[PDB]
Amino acid sequence: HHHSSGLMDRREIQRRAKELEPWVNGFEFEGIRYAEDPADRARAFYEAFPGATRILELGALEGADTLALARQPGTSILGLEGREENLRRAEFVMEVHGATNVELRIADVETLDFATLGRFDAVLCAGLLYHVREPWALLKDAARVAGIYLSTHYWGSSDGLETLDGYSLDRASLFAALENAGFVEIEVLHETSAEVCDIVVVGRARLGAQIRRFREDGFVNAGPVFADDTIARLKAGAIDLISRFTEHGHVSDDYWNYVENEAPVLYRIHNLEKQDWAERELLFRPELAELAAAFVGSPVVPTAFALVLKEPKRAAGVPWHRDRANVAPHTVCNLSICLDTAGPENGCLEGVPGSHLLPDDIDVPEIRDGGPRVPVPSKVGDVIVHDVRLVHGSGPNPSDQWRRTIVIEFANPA
Ligand code: NI
């Protein structure tokens, strides 16, 4: 009757499950109760954060929620646990279900330097905020690593919960802790009583909302990234390149130019990383690939470099188009380091929101004239991120100002 298998054998699953006793929530697997709704909350979690490929769970006892979040493909999970018993139980659960895309670490979140972990797309704080003696600092530490699925409790109001370090948690001190942490975009999904109450909120800080709009609209002004110096060096090198055709007498296949009397107008420097640059190293700065990584996916590689130029007065517009249409949405993005201030009357970016989520075969003039054609204002230093499927264009620059921009294409190696 024996000497056979199981549909790891269920006998061995029973042995190692009984070996790690006691279990706090038990352990079931394929129907059988071995020891005495995470998938639902996980689907809600990905409904709140759709493009998450680098999630970080906090307080992953037994890995119940961890396994749930690891179901979605292309996902990498780091789960931190305080007690090593629960850690070995969770490691066991991952071993059984075959979740090879999960790392479980033993770490106390109360005395942990959160900068060591890195940057994460989303953070799951499921039922532990009411275990720390100062939860606001926990939320702040969460903000340093762009979105949180918080599921916690709160206390009515009437009874005075003193006033400790600026916070009374009640509801006011909760939303004030999330606000002071950095999460400016808060959405309550589920929630009251005179004493113990429950609440489940979603939080997006700066860069997080930028991800939301980049996914919905297809383009975002993600502000600056560099800490002084290198941007002005990029501008100086760029003007150093424009002076080759203008001030000197340069000519090559990468100086794209186009009637009578007036000199040919230069509008694009193709293959910018390959040209004679003293500052092309700045094209490989980690902040750029890190930003494009935060918007697209974690492993990003720069695929194309270019320098688009709007000369003063003479510069004409660029027709509306999609850069590439043979890729899935939210897969390849363009970053645009704006070396000059750009306004609607200066030849700045214009996009049709949501056009990146349209089919492959389209008629560009219909999408263009249909609209809306919304402009993307930018200051010198801002970085514009947009999807390659986005239908985008601009008008001409008839004013005295230049309008120079560095465009770099970041894509997933797949
Ligand atoms: Ni384009």
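Numbers -13 to -7, 1 to 29, 40 to 148, 150 to 172, 195 to 217, 219 to 285, 287 to 442, taken from the authors' numbering, label the letters of the sequence shown in order.
Backbone N, C-alpha and C define an ideal beta-carbon position, used for all residues, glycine too.
CB contact flag (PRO327, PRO426, <8 Å): no
CB contact flag (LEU418, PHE123, <8 Å): no
Beta-carbon proximity check, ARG432 vs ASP351, cutoff 8 Å: no
Candidates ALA150, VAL214 and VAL227, of which the one nearest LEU131 by Cα: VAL227
Contact test: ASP351 Cβ vs the ligand NI heavy atom, cutoff 7 Å: yes
Close-in-space but distant-in-sequence residues of the same chain around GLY409 (CB under 6 Å, 5 per side omitted): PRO251 and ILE258
Candidates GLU12, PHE22, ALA55 and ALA51: closest to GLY325 by CA position: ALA55
Residue environment, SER406, which counts as buried when at least 16 other CB atoms sit within 10 Å: With 16 or more Cβ atoms within 10 Å of its Cβ, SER406 is classed as buried.
Buried versus exposed call for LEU(-7) [16 or more other C-beta atoms within 10 Å across all chains shown]: exposed
Assigned secondary structure, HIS(-13) (DSSP; H/G/I helix, E/B strand, else coil): Coil.
Buried versus exposed, by CB contacts within 10 Å (16 or more), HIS(-11): exposed
C-alpha gap between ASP2 and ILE238, whole angstroms: 44 Å
Exposed unless 16 or more other CB atoms sit within 10 angstroms - verdict on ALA207: buried
Where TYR285 sits in the DSSP three-state scheme: Assignment of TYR285 by DSSP, reduced to helix, strand and coil, places it in the coil class.
Heavy atom of the ligand NI within 7 Å of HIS420 beta-carbon: yes
For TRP16, the three-state DSSP class (helix, strand or coil): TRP16 falls in the coil class under three-state DSSP.
Three or more C-beta pairs below 8 Å linking the region 133 to 140 and the region 195 to 209: Flag = yes, the region 133 to 140 and the region 195 to 209 touch.
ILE258, enclosing alpha helix (DSSP H) - first and last residue: 257 to 272
Endpoints, the alpha helix (DSSP H) within which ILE25 is located: Looking at the DSSP string, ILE25 is not in any alpha helix (DSSP H); the run it does join, the beta strand (DSSP E), is 25 to 28.
Identity of the residues DSSP links to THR156 by a beta bridge: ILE226
Exposure of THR156, with buried meaning 16 or more beta-carbon neighbours within 10 Å: Around the CB of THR156, 16 or more other CB atoms lie within 10 Å, so the residue is classed as buried.
Straight-line gap, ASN354 to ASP388 (C-alpha atoms, nearest Å): Here the C-alpha atom of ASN354 lies approximately 7 Å from the C-alpha atom of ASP388.
Length of the line joining the Cα atoms of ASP280 and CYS366: 24 Å
Three-pair Cβ contact test at 8 Å for the region 301 to 318 versus the region 341 to 348: Too few Cβ pairs lie closer than 8 Å, so no.
The region 154 to 169 / the region 86 to 96 touching (three or more Cβ pairs under 8 Å): no
6 Å CB neighbourhood of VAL329 in its chain, flanking five on each side removed: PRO441
Nearest-angstrom Cα separation, counted from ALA306 out to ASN104: Between the C-alpha atoms of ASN104 and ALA306 there is a straight-line separation of about 42 Å.
Start-to-end residues for the beta strand (DSSP E) that takes in residue 37: No coordinates exist for residue 37 in the structure shown, because the numbering of the chain passes directly from 29 to 40.
Rounded C-alpha distance that separates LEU168 from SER199: 10 Å
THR331, buried or exposed, once every other Cβ within 10 Å from all chains shown has been counted against 16: exposed
DSSP bridge partner residues for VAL404 (one or two, in chain order): According to DSSP, which records beta bridges pairwise, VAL404 is partnered with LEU377.
Cβ-Cβ distance between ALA150 and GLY77 below 8 Å: no
Buried or exposed by the 16-neighbour rule on C-beta atoms within 10 Å, applied to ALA322: With 16 or more other Cβ atoms within 10 Å, it is buried.
Own chain partners of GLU378 with C-beta closer than 6 Å, once the 5 adjacent residues on each side are dropped: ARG401, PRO403, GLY421 and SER422
For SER364, the three-state DSSP class (helix, strand or coil): strand
Where the alpha helix (DSSP H) containing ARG240 begins and where it ends: 235 to 243
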